[PDB]
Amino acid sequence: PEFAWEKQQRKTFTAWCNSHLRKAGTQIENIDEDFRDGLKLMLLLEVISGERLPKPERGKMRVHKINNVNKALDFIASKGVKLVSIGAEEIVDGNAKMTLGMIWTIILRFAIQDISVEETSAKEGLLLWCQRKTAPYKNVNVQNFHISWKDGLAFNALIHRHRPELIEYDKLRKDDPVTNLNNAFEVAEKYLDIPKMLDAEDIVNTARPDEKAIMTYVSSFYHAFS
């Protein structure tokens, strides 16, 4: 039995991994299984760092997989990440909850941390960028990475600020949140080559939708527009 934030993070983090793994000629399907041998995890880190990790071992025994995951974890540690709750054995053994936490760590370090706006970095910097870009939209008030995005208007406003032809902003009503959210999600996919990472119903019906999932997707817009 699972949580809503858990279904949110699995969809989102899988789609995010795939938005990078596609540049290296592969995809994952099931985040609970497809990183257990460490190969696609090294691949992911090569794509998002623009660097190369130590040669992977493809011998199919457990010890090689543990070795591959430890290289990945060493590469993350080398970029300044203090890994705490996670270890290579439990990843290879398919600790799905731990594997989700490791992917968040990678998203935070490689997609969010280096964002810097007006002497403000990482999550806070990304939020300030959203605030700046959505300033002139009177029916938008970005104050967080959760409820502020629930009605779909902020997503649409972000796109429209950069690419006004993609969004007919005046059609969008505040009390029509699922239409707004899907509209943004569809435009981002078709036109900005940002794959869908969120589910509209999960966003609307959760008092506070998952801010890691929203941060992940929004970080993709920051990089698409930079």
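Note that residue numbering follows the sequence shown and begins at 1.
- Between 201-209 and 11-19, the higher mean Cα B-factor belongs to 201-209.
- Higher average CA B factor: 75-83, of the stretches 132-140 and 75-83.
- Take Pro164, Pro177, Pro195, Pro56 and read off each C-alpha B-factor from the entry; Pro56 has the highest.
- Per the PDB record, residue ranking by Cα B-factor puts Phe225 in the middle third of the chain.
- For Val69, the recorded CA B-factor ranks within the highest third of the chain. Only modelled residues enter the ranking.
- In the PDB entry, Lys171 places in the middle third of its chain by CA B-factor.
- The deposited CA B-factor of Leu108 belongs to the lowest third of values across its chain.
- In the PDB entry, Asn95 places in the highest third of its chain by CA B-factor.
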